[PDB]
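Visitor:
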Ligand SMILES: [Zn+2]
Ligand SMILES: [Zn+2]
Ligand SMILES: [Zn+2]
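Structure, rendered in C-alpha cells:
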C-alpha cells in the first residue's frame, strides 16, 4: 500500500507507482473497523489496558456474538502469544468461553510445529462439516503466512 | 374566444370530424394537445407526442400535453422533419389542425440548424450555413461585445467568428429573442483531437425500456446534444448518466450538489462502468485523490464558483481543469441550476455536451424557462403512472390527513401575526397525537418510517418526547452516517426524524412510510423529492396539516405537481382507534402547559 | 456500437390511411392481436408427476428465537410450512408428508409420513408454542429420514427438505458416510437456510442431487417453498408401479330410510373429546370403515382412500387439446355461426378443429384451449 516507503527503505528508483483493485460482479469482501463495544468503551489493544477487564469482556462478547453469524471457521489474530494466552485465560475464568465453545470449536496455535499442524488439520476437518471452528493465532507467527484460507475456510 | 360561459370556445375553428372518433387526439388554436389513454393506439400516440411536445398533466384517462418552441426544436433535432410531424399530427386530430398551429410549427422548425455553436482548441465559435444571418445579428449591440478583438470575419472555408467565453450566456439568451436558437451538437464519433478514454460499462448492468427511450432520444443521429432527462429518484437515474458517459467515450465531468453525492456518483461508476480508481477522482477538498490527469472527474457546486480566495491546491486544480475541453459535462439536481452563482459555473468551464439530470423539475420564481437556453431543451419526461404500473416503482398511496386546531392553540394562532404562528400549528397537540398513532401503528407492522419535519426547533421536542433518533442537521458527519446506516438493518429501531436534510439526493435506505409535518411554504420541489425518497400498495406516505391555518393552503398549493404527475391525495378526517390506546397530550393539563414552552421562544 | 446510439425508433409509422378513415381497420386489428396472449396452457411446465414421500426437517435451536422474520423465525417458518403443505397436497394427489423437528442434538418425528393435510396442520399449530433449546443435529434427522424411507418403493421419488436456521450442527458420527449412504439410497435432499451459506449443506445438496438456497426475506422464503411445491419430472416407464386404493362414496344417512345407521369416525375415536357420531360420511369400500376426511389411508385394512375428482383433475395433461387451425373468414365456405357459442362469425379469422371440422370463434377457441381442454364437437 505505501509506495513511498519501499523506495526509501532500500535504495530504489521506482518509475511505476502503480496499484490495482480487483472487481467482480459483487463485493467479495466487507472490511469494517469496530471501535467501542456495547458499553461504549474502546477495545483498543493498548499496552496500559492489556490487563483491563472491560476490554477483555468486550473482546469475548464480540467473538461470541460474531461466532453465531459467520459459519464454518473464523480466523482471529492477536498481538502476541503472551497477550493471547492472558486473554484466553481470562475468558476461561469467566463463564463466557463456554458460550463460544458450544457454537464453534476453539483451536489454539502453539510454537510446536507438529502440534500446530495437527491443530490445523483438525480445524480443517471440523470446518468441512457443519460444526464450525475458531482458529486463534498471532499475526507474527509461522501460521500467518504458512497457509492460505481459501473459500469456505475462515 | 367567446365568453358565454367564461370558457375559451373553439367549436367553429376545427370542425374536421369526418369519421369519427378513431383518432384519440384534440388540438387547440393557441396550443395544446389532449390525448385519450383508453385507445388501442395509445402507445404509438404517446411515442409520437413525447418526441414533439412536453406533457403538462398525465392523469389516468385524458393526458394533456403542451406545444412550445423548445419542444419543436427538440423534435426537429431528431430525424423527424416538418412534413412528417405535420402529416402525423393531421393524421391523428379527429378535429382538424387549426390554421394557427401550422404557421407556429413552420416558424419554429425553419430556424433550427441555421446557427450552431462549436468548441475547438478551447475557443468558442458560432458557425452559420447561411452567411446572411451573420450580418442580420451583426447589428445587435450586445453581440458586438462578444468578439475580441472585433473578430474581423474569421474567414474559414460558411461564415463564423469567435465569441467571448465568459459571455456565452448573454448571446445564448439573445439568440432565442432573435428567433435564431443555438444548438450544442457534439459529434463524438469523429473528433481525433480529444484523447478519448477507455471507459466501457460491464455487459451485466441491464436497463429498463423506459431508460432505453431516453438514451435513444439523446443520440438521435449519431451525435449527442445537451438536454434534460427527468427520472424519479427511486428509478434508475445515475445509471442513465453512467451509460451516457460510457457511450460518449470522452473525458467526463460530474457535478453534484452535496459533498456526499460525489461519493454516490463514484460508487455508481465503480458499479456500472469498469473503470480503475486511478482515473476516477473526486475534487471536493476532502481526500485530494490527484485530480490532475484524470479521465472522469466528480465534484460539486459552490466550489467551482467560489467568489473568495481559493485553496492553493484547489486553485491549481481549477487552473488545470479550465485548460481543456470536457465531453458530456453531467449535472445532477439540475432544477437548482438557475441561481446567482450556479449559472456562471456553466460559463466558468468549457464542455461540448451538457447533460442535466433531475427528478423534480418544478421550481418557483419561474427560472425553469432560463434552463431551456442555459443547458438545452427538456428531452425526456418519464410517465410516473405507467412507470409504477410496471411494478418497478412502488405504488405509493398518497394521503393528506389534517387535524383540528386545539382551542388552547387557536386563540394564540389568531392573536399573533408577526410570523410567530409557524410554531403554533406545527406543535398542534392533535397533529402530535395523529403522528404518534401512525408511528406506533406502522411500527407494530414492522414498516420503515421516515419523518420529515422542518423547523428543527419544533422537531427537538417532537423527537425527544418519543425518545427516537433525529437528525438536527448540523450534528456531525459521522453521527448522521452511522444513524442512517443502522436505521435499515435493525429491527429494534426503524423510525427516524429528518430536518430538511433529506430534501436532496442522498443514500437513504428503502422506506415504506413517510410522515411530513410543517414543511416549507409552497415548495412543490421539496414535496416531490420527499415522495421520491419512498418509491424505489407497497408503500404509502402521509402529510399532516392543521385545519383553519395557512398549512391548508400551503398543502393545497404544493400538491398540484403530484396531481399533474397522476397522484391523488385522499383526505382522512378520522383515525380508527384513536382512543383505543394511550397517546401523549391525553389531558388538557399538559396541552395547556405546552403553550408556555411554545410561546417561550420570544426571538426578539 | 450501441443499440440506442443509432436511429430513433418511430413506432407511429405502423398506422396508415388510404381511404381517410381506414384507422378503424388498424385499431380492430390491434384489438384482435391483443387477445390470445397465452400459450394455451395454464401451467406450461411439467406435464406429469410421481409419488413423493417428502420429509420436512425443522430446526428447533435457539437461533429460531431470532427476530429476523417477524415475529420470530419459528412462527414465520411454521406459517409458511402450513401454506406449503396445503399447496403441496393441492398439487399432489397421492403424495405423503412427514415432519421431523431437530432440537438439543436430537431428532423427534413430530408427524408420521401420511397424506392427511389436517393432521400436519394441527401438529404445526401445536408446535408453535414449543421451547427452542439446544443445537440442531442434521445427522440424526437424516438417519431417521433414511430409516423411514429405506423400505419405500423404488418408483416413488424419495425427497427430504431441510430448513436449517442454525449455522452449527452436532454430529455423533461422521456425516459424509451418511451422505454417501443417502446417495446410494437415491434420496433427494434440499436445504433452505436462513442465515448464510453452510459448506456441509451445499455438499449434501450437490451430492444428493437437490438444491441449496438461502433466504433473503419472507417473500423469497415463500418463492422457494412454491418452487419446491412442483413435482419433479418422471421417466416414461419405470416398473410395474401400481397401488390398490379405494374410492369411498360419500354416503350420508337420513332418518327417512330404515338404514339410518350412526357410526363413530375412526379418526375422531382417538380424540380426547367425544367423537363425532354423525349420520354418515365416507365408508371404506373394503372394510366399511367410516372416515370424515380425504384423502386418508384406512386404519383397519390399510387401503388408500382417494377422491376420484382429485385424480381426474390432472387428466387433461395426458391428452392435451390440439391447437385449432386458423382460417380467415373469407376463405371458409360454410356456416357463419360458431359451433360453441352460436354467435355470428364476424372476426377476420375463424378456427376449425382438425377432428370434427367445426367452427369456433376467437373467444370460444381461447375458452376451449384454456379452461374446457376438450373440443365440444369431438365430444359428440
Ligand atoms: Zn378399510
Ligand atoms: Zn363462439
Ligand atoms: Zn373438434
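Chains as they are written, first to last, in the authors' numbering: chain B, 462 to 615; chain A, 52 to 208, 267 to 645, 655 to 722; chain E, 8 to 387.
No residue lacks a Cβ here, since even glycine has one placed at the ideal position from N, Cα and C.
Please list the terminal residues of the continuous alpha helix (DSSP H) segment that includes residue 106 of chain A.
Guide: Run containing residue 106 of chain A: none in the alpha helix (DSSP H); it sits in the beta strand (DSSP E), 105-108.
Visitor: My guess is that residue 319 of chain E and residue 306 of chain E are in contact by the Cβ rule of under 8 angstroms, so how many angstroms apart are they, rounded?
Guide: Incorrect: roughly 26 angstroms between the Cβ atoms, too far for contact.
Visitor: Here's the rule I'm using: 16 or more other beta-carbon atoms within 10 Å means buried, otherwise exposed. How should residue 608 of chain A be labelled?
Guide: Burial call: buried.
Visitor: Under 8 angstroms between the Cβ atoms of residue 543 of chain A and residue 341 of chain A?
Guide: No; because the gap between Cβ atoms is not below 8 angstroms, this pair is not in contact.
Visitor: Does the distance between the C-beta of residue 350 of chain E and the nearest non-hydrogen atom of ligand 2 fall short of 7 angstroms?
Guide: Checking the Cβ of residue 350 of chain E against ligand 2 gives yes.
Visitor: Short check: CB of residue 380 of chain E to CB of residue 336 of chain E, under 8 angstroms?
Guide: Cβ atoms of residue 380 of chain E and residue 336 of chain E: not closer than 8 angstroms.
Visitor: So, helix, strand or coil for residue 94 of chain E, using DSSP?
Guide: Helix at residue 94 of chain E.
Visitor: What's the call for residue 582 of chain B, buried or exposed, on a 16-neighbour Cβ count within 10 Å?
Guide: The residue is exposed, with fewer than 16 neighbouring Cβ atoms inside 10 Å.
Visitor: Beta-carbon of residue 565 of chain A versus every beta-carbon of chain E: anything under 8 angstroms?
Guide: Output row for residue 565 of chain A: interface = no.
Visitor: Buried or exposed: residue 326 of chain A, going by 16 or more other Cβ atoms within 10 Å of its Cβ?
Guide: Its Cβ being crowded by 16 or more others within 10 Å, residue 326 of chain A is buried.
Visitor: Select from E:190, E:123, E:127 and E:23 the residue whose C-alpha is nearest the C-alpha of residue 108 of chain E.
Guide: When each option's Cα is compared against that of residue 108 of chain E, the closest is E:127.
Visitor: Does DSSP put residue 199 of chain A in a helix, in a strand, or in coil?
Guide: Note: residue 199 of chain A maps to coil in three-state DSSP.
Visitor: Using 8 angstroms for Cβ pairs, my map puts residue 568 of chain B next to residue 594 of chain B. What's the rounded Cβ distance?
Guide: With a Cβ gap of about 6 angstroms, residue 568 of chain B and residue 594 of chain B count as contacting.
Visitor: Within 10 Å of its beta-carbon, does residue 92 of chain E have 16 or more other beta-carbons around it, so buried, or fewer, so exposed?
Guide: Under this definition residue 92 of chain E is a buried residue.
Visitor: With a threshold of 8 angstroms on Cβ separation, who are the neighbours of residue 488 of chain A within its own chain once the five nearest residues in sequence on each side are excluded?
Guide: Excluding positions up to five away in sequence, the list reads 125, 323, 326, 327, 336, 337 and 338.
Visitor: For residue 23 of chain E, which of helix, strand or coil comes out of DSSP?
Guide: Coil at residue 23 of chain E, not helix or strand.
Visitor: Cβ closer than 9 angstroms: which chain A residues qualify as neighbours of residue 34 of chain E?
Guide: Here the neighbours are 73, 90, 91 and 92.
Visitor: I'd like to confirm something about residue 155 of chain A: is its beta-carbon nearer than 7 angstroms to some heavy atom of ligand 2, or not?
Guide: No - ligand 2 has no heavy atom lying nearer than 7 angstroms to the Cβ of residue 155 of chain A.
Visitor: Near ligand 1, which residues have their beta-carbon less than 7 angstroms from any of its heavy atoms, given in chain order?
Guide: Result (chain order): E:291, E:293, E:294, E:296, E:305, E:307, E:308 and E:310.
Visitor: Under 8 angstroms, Cβ to Cβ, is there at least one residue of chain B near residue 188 of chain E?
Guide: Cβ-Cβ to chain B under 8 angstroms: no for residue 188 of chain E.
Visitor: Given 7 angstroms as the limit, tell me if residue 347 of chain E has its C-beta closer than that to any heavy atom belonging to ligand 2.
Guide: Checking every heavy atom of ligand 2 against the Cβ of residue 347 of chain E, one is found closer than 7 angstroms.
Visitor: Could you give the C-beta distance for residue 382 of chain A and residue 355 of chain A, rounded to a whole number, given that I count them as a contact under 8 angstroms?
Guide: About 6 angstroms; that satisfies the 8 angstroms criterion.
Visitor: Counting C-beta neighbours from all protein chains within 10 Å, is the total for residue 118 of chain A 16 or more, i.e. buried, or is it exposed?
Guide: It counts as buried.
Visitor: Answer yes or no: the CB of residue 360 of chain E versus the heavy atoms of ligand 3, is any distance below 7 angstroms?
Guide: Because some heavy atom of ligand 3 lies under 7 angstroms away, the Cβ of residue 360 of chain E counts as near it: yes.
Visitor: Quick one: what's got a C-beta closer than 7 angstroms to residue 447 of chain A's C-beta in the same chain, skipping five residues either side?
Guide: Excluding positions up to five away in sequence, the list reads 476, 479, 480 and 483.
Visitor: Can you tell me whether residue 625 of chain A is helix, strand or coil according to DSSP?
Guide: Strand at residue 625 of chain A.
Visitor: With a threshold of 7 angstroms on Cβ separation, who are the neighbours of residue 84 of chain E within its own chain once the five nearest residues in sequence on each side are excluded?
Guide: Here the set comprises 65 and 170.
Visitor: Quick test of your reading: residue 321 of chain A and residue 19 of chain E, contact by CB under 8 angstroms. State the CB separation rounded to the nearest angstrom.
Guide: Incorrect: roughly 17 angstroms between the Cβ atoms, too far for contact.
Visitor: Just to confirm my understanding: we take residue 293 of chain A, look at its own chain, exclude 5 residues before and 5 after, and list those with CB closer than 8 angstroms. What are they?
Guide: Same-chain partners within the cutoff: 168, 334, 335, 461, 462, 463 and 485.
Visitor: Among the candidates A:423, A:387, A:573 and A:310, whose CA atom is the shortest distance from the CA of residue 395 of chain A?
Guide: Considering only alpha carbons, the answer is A:423.
Visitor: In the DSSP assignment, the beta strand (DSSP E) including residue 374 of chain E goes from what residue to what residue?
Guide: Residue 374 of chain E -> not in any beta strand (DSSP E); alpha helix (DSSP H) instead, spanning 369-374.
Visitor: Which word fits residue 514 of chain B, buried or exposed, when buried means at least 16 other C-beta atoms lie within 10 angstroms of its C-beta?
Guide: Residue 514 of chain B should be labelled exposed.
Visitor: Is it true that the CB of residue 703 of chain A sits closer than 8 angstroms to the CB of residue 709 of chain A?
Guide: In contact: residue 709 of chain A and residue 703 of chain A (Cβ atoms closer than 8 angstroms).
Visitor: How long is the line joining the alpha carbons of residue 24 of chain E and residue 35 of chain E, rounded to whole angstroms?
Guide: Spanning the two alpha carbons is a distance of roughly 14 angstroms.
Visitor: Tell me whether residue 507 of chain A sits in a helix, a strand or coil according to DSSP, three-state version.
Guide: The answer is strand: DSSP assigns residue 507 of chain A an E or B state.
Visitor: Can you check whether the C-beta of residue 477 of chain B is within less than 8 angstroms of a C-beta belonging to chain A?
Guide: No, residue 477 of chain B does not count as interfacial toward chain A.
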